[PDB]
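Student: Have a look at this fold, sequence not included:
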């Protein structure tokens, strides 16, 4: 993994994230939503679990993005939890949780769940 | 938030996490599961979205923990997505995703979902 | 279970659901949101898995409610997945998914996730 | 929807479900996992929210399957929450929750989350 | 005021 | 080999 | 137009 | 005894 993870990944919606997997489990990078302007880049940080393991299992990892930068503040944060599978067709399959900050009455509807698959292509 | 977030939090299962909320959205700390031994401390990193906002909304944040340290490697990672609500009775209400690294046949059952509420007490 | 499940349950938000657990896994009833008016009753149907099992495990079950009745059409449906634990303090602990019908562009944000605990009291 | 929903659907894993959408929101059918033997058919019941709506939105629905039949008892139940999109290439996009009955100590890890897309082809 | 919340 | 996966 | 969707 | 549960 690690080496394999470092790089640019694209998801089916048109978002791109560039990440560096450091030697001791760290994931650091930026996530850009669209257009191709600075205004869409957000910091991301996460961790990955290096095993990794002798039977081709994927590498579990997760990262977070708080949707605040110098151009936008969306009062929310998303976490992606998934695994990295390398090889010819390497991908990161994830499920994500997007929570928005609410008042206590609306707290019951503050989190959206979804999924994303990221590829190098 | 920020100031309010920095500190020790406990969840209903007996886990504790100590975190520092830095000026520009970073969350850094450790998560300890139980016993009270070094073997149960894991690094955590996340981000929080400072708004924050004039109508008492909570502060969205999220963090990740890869379950690998010098004593254990559980080949998995958990992300917590939620919001911080301060005040007399401050709490961080979250929903989490725990993904384990699997082979591609077992990938359909690689992620558990749950929820946790953390308090300062 | 079965016998134990049949009855009225209340959740921490003030919603009530009355359900009948039939001999062969069926769950049929109504869910009422608030006020105490017919306009808040919706049909629910689900299934429960009778085992049940010699080591005190809970009874898995799930049900669905489409938010349409003769007074309201919220173009959405919620499914609750959880387990029933009987005894002195019987409860049904669930995690739910609420999906609203969207256009294909907004499909990524069509599902909210949450949790609910229902008691007889 | 309704008419459009009634029929056989297949998901990317090789499972098939046959469902009848009744005039007043009901969904009734069977879910078969694999092989093509009776032992893999389970009853399913759910509801769909007919709107439906003038801007091409999908039809929200959900269903439950308790994994018990005359050949197997897996002490668990799955609920699928999603929307139906008809047309040339009709599909039902869902997110699901699979809960297994646990003892109270293992309750924190009793629910898996995933997603499935079903097509008529 | 989605039917699954309070009130409504 | 949970009934929701392949095969079983 | 939440930053996690397209475009924005 | 996954590190996220009690004890371990």
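Tutor: Received, thanks. Numbering: from 1, shown residues only, chains lettered A, B, ... in the order given.
Student: so what's residue E:8 closest to, chain neighbours aside?
Tutor: Nearest-residue entry for residue E:8: residue E:1, 3.7 Å, with adjacent residues in sequence omitted and distances by CB to CB, 6 or more residues apart in numbering or on different chains. Using the backbone N, CA and C atoms, a C-beta is placed for each residue, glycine as well.
Student: Next, the one you found: secondary structure please.
Tutor: coil (DSSP: H, G, I helix; E, B strand; the rest coil).
Student: residues near it, how many?
Tutor: By other CB atoms under 10 Å in any protein chain shown, the residues close to residue E:1 number 11.
Student: Residue C:74 is in contact with that one, correct?
Tutor: No - contact status for residue E:1 versus residue C:74: not in contact, 9.3 Å apart, counting by CB atoms under 8 Å.
Student: quick one: residue A:93 from residue C:105, how far?
Tutor: Noted for residue A:93: a distance of 23 Å to residue C:105, by CB to CB, to the nearest Å.
Student: Pull out the buried positions in the helix or strand hosting residue A:27.
Tutor: Secondary structure assignment for residue A:27, by DSSP states H and E: strand A:26-32. Within strand A:26-32, the residues that count as buried by 16 or more other CB atoms under 10 Å in any protein chain shown are A:26-27, A:29-32.
Student: And the residue of chain A that's closest to chain D?
Tutor: Residue nearest to chain D within chain A (CB to the nearest CB): residue A:115, separated by 4.8 Å.
Student: Pull the number of nearby residues for that residue.
Tutor: Neighbours around residue A:115, by other CB under 10 Å: 18.
Student: Check the buried residues of strand A:26-32 against chain E and report the nearest one.
Tutor: residue A:31 (29.8 Å).
Student: The closest one - nearest residue in space that isn't next to it in sequence?
Tutor: Nearest to residue A:31 is residue A:17, by CB to CB, 6+ apart, at 4.3 Å.
Student: The strand or helix carrying that neighbour versus strand A:26-32: what angle between them?
Tutor: Residue A:17 is part of strand A:16-21 when elements are defined by DSSP H and E. Relative orientation of strand A:16-21 and strand A:26-32, computed by axes from the mean of the first three to the mean of the last three CA atoms, to 10 degrees: 170 degrees.
Student: Contacts for strand A:16-21, please.
Tutor: A:1-10, A:27-32, A:44, A:46, A:48, A:63, A:118 (CB atoms under 8 Å, 6 or more residues apart in numbering or on different chains).
Student: Where does chain E get nearest to chain D, residue-wise?
Tutor: Counting by CB to the nearest CB, chain E gets nearest chain D through residue E:3, at 10.7 Å.
Student: which residues does that residue contact?
Tutor: Listed by CB under 8 Å, 6+ apart, the contact set of residue E:3 reads C:33, C:40, C:42, C:67, C:72, C:74.
Student: OK, contacts around the first one?
Tutor: Under the criterion of CB under 8 Å, 6+ apart, the contact list for residue C:33 reads C:15, C:40, C:42, E:3-8.
Student: And the strands in chain A?
Tutor: A:7-11, A:16-21, A:26-32, A:41-48, A:59-68, A:73-85, A:91-100, A:111-119 (DSSP state E).
Student: Return the most buried member of those.
Tutor: Each of those was scored by mean neighbour count; the highest is strand A:59-68, a mean of 29, by mean count of other CB atoms under 10 Å in any protein chain shown.
Student: Can you name the residue of chain E nearest chain G?
Tutor: Nearest to chain G in chain E, going by CB to the nearest CB, is residue E:2, at a distance of 18.9 Å.
Student: Would you confirm that that residue contacts residue C:78?
Tutor: No - at 9.3 Å, residue E:2 does not count as touching residue C:78 under the criterion of CB under 8 Å.
Student: Overlap of the contact sets of those two?
Tutor: Counting by CB under 8 Å, 6+ apart, the contacts common to residue E:2 and residue C:78 are C:67, C:98.
Student: Tell me which residue in chain E sits closest to chain A.
Tutor: Nearest to chain A in chain E, going by CB to the nearest CB, is residue E:5, at a distance of 5.8 Å.
Student: Next, count neighbours for that residue.
Tutor: 18.
Student: Checking my notes, it in a helix, right?
Tutor: No - counting by three-state DSSP, one finds residue E:5 to be coil, located in no helix.
Student: Could you find the closest non-adjacent residue to it?
Tutor: Sequence neighbours aside, residue A:108 is the residue nearest to residue E:5 in space, at 5.8 Å (criterion: CB to CB, 6+ apart).
Student: same thing with residue A:113?
Tutor: Once flanking residues are discounted, residue A:113 sits nearest to residue C:113: 4.0 Å by CB to CB, 6+ apart.
Student: pretty sure that neighbour is touching residue B:114, no?
Tutor: No - contact between residue C:113 and residue B:114 fails when scored by CB under 8 Å: they sit 10.7 Å apart.
Student: show me the contacts for the residue of chain A most remote from its centre.
Tutor: Residue farthest from the centre of chain A, counting by CA atoms, centre = their mean, is residue A:105 at 29.1 Å. Neighbouring residues of residue A:105 by CB under 8 Å, 6+ apart: E:5-6.
Student: and the gap between it and residue B:56?
Tutor: Residue A:105 is 10 Å from residue B:56, by CB to CB.
Student: Turn the contacts of residue E:3 into CSV, columns for distance to residue C:101.
Tutor: Formatted as CSV, the contacts of residue E:3 follow (distance: CB to CB, whole Å):
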residue, distance to residue C:101
C:33, 19
C:40, 21
C:42, 16
C:67, 11
C:72, 15
C:74, 10
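Student: Pick out the residue in chain E sitting closest to chain H.
Tutor: Distance from chain H to each residue of chain E (CB to the nearest CB) is smallest for residue E:4, at 28.8 Å.
Student: Repeat that for chain A.
Tutor: residue A:49 (10.7 Å).
Student: For that residue, which residues are in contact?
Tutor: Residue A:49 neighbours (CB under 8 Å, 6+ apart): A:25, A:59-61, B:66-68, B:73-77, B:101.
Student: If we check chain F, which of those residues are in contact?
Tutor: Counting by CB under 8 Å from any CB of the partner chain, the subset of the contacts of residue A:49 that neighbours chain F is empty.
Student: which one among those residues gets closest to chain E?
Tutor: Nearest to chain E among the contacts of residue A:49 is residue B:77, at 30.9 Å by CB to the nearest CB.
Student: Run through the residues that contact residue A:4.
Tutor: A:21, A:84, A:86, A:90.
Student: you'd agree the last one is up against residue A:120?
Tutor: Yes - taking CB under 8 Å as the definition, residue A:90 is a contact partner of residue A:120 at 5.7 Å.
Student: Compare neighbour counts for those two and give me the winner.
Tutor: Counted by other CB under 10 Å, residue A:90 and residue A:120 do not tie: residue A:90 has more neighbours, with 17 against 13.
Student: measure that one to residue A:79 for me?
Tutor: To residue A:79, residue A:90 is 22 Å away according to CB to CB.
Student: Same question for residue A:65.
Tutor: Distance, residue A:65 to residue A:79, using CB to CB: 8 Å.
Student: Residue A:60 too?
Tutor: Plainly put, residue A:60 is 13 Å away from residue A:79 if you go by CB to CB.
Student: circling back: from the contacts of residue A:49, pick the one nearest residue D:97.
Tutor: Proximity of these to residue D:97, judged by CB to CB, is greatest for residue B:76, which lies at 19.2 Å.
Student: Next up, the contacts around the nearest residue to the closest one once chain neighbours are set aside.
Tutor: In space, and not counting its chain neighbours, residue B:76 is closest to residue B:100: 4.2 Å by CB to CB, 6+ apart. Residues counted as contacts of residue B:100 (CB under 8 Å, 6+ apart) are A:60, B:74-76, B:110-111.
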